[PDB]
Every structure is written in C-alpha cells, then in structure tokens.
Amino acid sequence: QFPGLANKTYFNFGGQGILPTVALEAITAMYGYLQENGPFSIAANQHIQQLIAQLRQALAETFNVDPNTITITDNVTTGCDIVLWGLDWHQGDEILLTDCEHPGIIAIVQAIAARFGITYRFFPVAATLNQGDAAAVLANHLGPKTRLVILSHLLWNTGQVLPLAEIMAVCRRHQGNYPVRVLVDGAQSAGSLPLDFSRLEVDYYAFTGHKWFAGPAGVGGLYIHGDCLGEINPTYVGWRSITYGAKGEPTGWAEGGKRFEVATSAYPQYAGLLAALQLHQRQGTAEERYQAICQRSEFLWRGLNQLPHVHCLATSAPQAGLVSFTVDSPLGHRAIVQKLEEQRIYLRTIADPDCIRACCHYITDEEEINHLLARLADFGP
C-alpha cells in the first residue's frame, strides 16, 4: 500500500508521510473526472462540492466530532493563522507559547503582537521530557492578562507528549481577565495519537493531512469547538466563505468551518487525503495503530540505548513515534543526517535542542530500524 517505503529506509513521516497508492490513484482519478466533465461546469462543480463534504465528514469522524467544527485548510500553519488573526485581541493581552513551538507559529504570534499590541512569553517544556510537569510549569506562568496558550500536543523536537488534559484543567481553573483558551498545534499528534475531541476537551486544534495521515502536501484542517466558533472572526475569506443573496451578493458567513475556507484549492489533492484517511481506518483502530507505532519506537529507542555513542533524549520509552537523540562525533548532526541520506536513510536535524529525530510509523518495520542502527554504529568520538 506504500510503494515509497521499498527502496529506502524512511524515518521522516513527521516531515511528510509516504503517499499510499490509493491516495495517488484518487488524485489522478479526480484530474480525469475534471477533464472529462468540466473542469468548470454544473457536473464538475457539484462533484467538487460533494468531495469537499466527504472529506469534511471523514475528518469529523476521525476526531469524533460534528462536521460543522471542521475547516479544511492547506496545512497546519493556516489553522493557527485562522485562530490567531480571528480573536478579538486587545492591547496588553498576553499569549503564552511553549519553548518547543514551530518557528512559523512563533512568527504569526509576533505578527499579531505587532498588529494588536498584545504581548507573548515563552514557558519551558523541553526540559520536562524526563522529569517535572509541563502543566505545573504553565501554572507558574499564567497571569492576569493571559488569554491564549499555544502548545504542540506532541513536541516536534523532543518527542514528548504534553499532558493536554491536565493542561486544559490548569487553564480552565485560572481566574483572570480572560477565560484561558488553548490553541493546539497537532502537526505530529494527529494521525499518530488516538484523538477523540468528545472525550478530550479542546478549544482549537490545528492539523495537516500530509504527515502522519500520509496525505499529499497541500491539504490539512482545523477543529474549533462549537462554543468557541463565535470568538473567531473570519480574516482571509472569499467565495467559499459566504452565503449568497438574490443577486449573487454576500449575505453572511457560510455554516460552521466553511466561513474560514477561501477560494479555489487543489481539489484532486482533497481526494488523495480522503483515500489516505480511509486506508488507515481499514488497517485498524487509531488505538491499535498507536500501539504499533509505540512498539516500533520503543524497539528503535532500545537499540539506540545499546549504541555507546548515541544518546537518546528520552530516558523512558517514547510516548509516540518520535525518537530524538544526539551522536558523540566530531561531525555534527547536520553532516551525519546528510551522510545517512547518501545511504538512503532518512531522518531530520533538529535545531533546538541540537539533535537528530527519527519517526517510526505503524508501517515501519524491524529491518529498517536495524539498518538505521547498523549505520549509526559507525559514528564515534
């Protein structure tokens, strides 16, 4: 089902997943449908609307929520932009972000701070991978003007799964000028951790389809709890965002998540993500896949512990499929990742902390892990 795995040793799912054959077939079939029946026509436009609704529904079912809470986007970042630019910020309002957030997300925050006169402070979570409590660190940083906390459910740099439920309680127990809300960056978590937003109570959860879900680059989504929808004003909008009047004029915002969708998008790619989502559910439940992912990451982590010059950041088994580690060598992590790539072994360098990250998916196997171990064994001080 995943042809790209065969002639390589891939551990970069968190960067982009290997596209399954059913996804490529769906993409290709959609271009064909458009060429045959349109591309612009009553038939083609109806087929596109039906496709969009099917993908919105598939995502909704994935997270066990109502389709109205789902916005389709192009990537994780756009979901964060929609939430951050849509909040009715006031001068002096404060945003707290962990010290492990993506530089792109930090950039939106700086842009917001410049535009609305809000302020932002980081709180340290990287150091809580093996000890401490990230929820308690947050409690020690909440203030009177704190309105939004931004965190990645699964940290892209260290592989820690933040204690989201406990963190939500902490924010909800806080008595301040604002009911503290939390925007979750789910780039690594969605598609690997079992996520059920009925059971787990969240405010805003941004994700993408091109990483753990193994969809094509260019399609992602955003979840907004039904009760937080009214707090998010549309910013980037267009013809997909509105309801229409008698003369084709705008009369209001489209229902639910649609108000945040803009204009023409890569429709064939939506069919690709839908097909990939369906393939995963056929393999087993999110829970079974998650256990399989952990089985592989612990196997890799154990092997790495056995190599004398490799040092895993985590001192206990990985909580998900990310395994970060350093290598004692005169070379530097960037050179080591390049040398591994020359051997068709694919990992990624992490800037902070300075280390190397491997991603194990449920489709990763022991021979791949053992091959990675074999090649790393050669680096030394």
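When you see a residue number, it is the position in the sequence shown, counting from 1.
Two stretches are in play, 34-42 and 61-69, and the higher mean C-alpha B-factor belongs to 61-69. Legend: mean Cα B-factor per stretch from the PDB entry, 234-242 versus 164-172; the higher mean is in 164-172.
Per the deposited record, 88 carries the highest C-alpha B-factor of all listed residues (74, 99, 88, 185). Note on 301, 212, 116, 207: the highest value goes to 116, judged by CA B factor as recorded. The deposited CA B-factor of residue 251 belongs to the highest third of values across its chain. Per the deposited record, the Cα B-factor of residue 328 falls in the middle third when ranked against the other modelled residues of its chain. Ranked within its chain, residue 220 lands in the lowest third, by CA B factor from the PDB record. Among the modelled residues of the chain, residue 112 sits in the highest third by CA temperature factor in this PDB entry. For residue 136, the recorded CA temperature factor ranks within the highest third of the chain's modelled residues.
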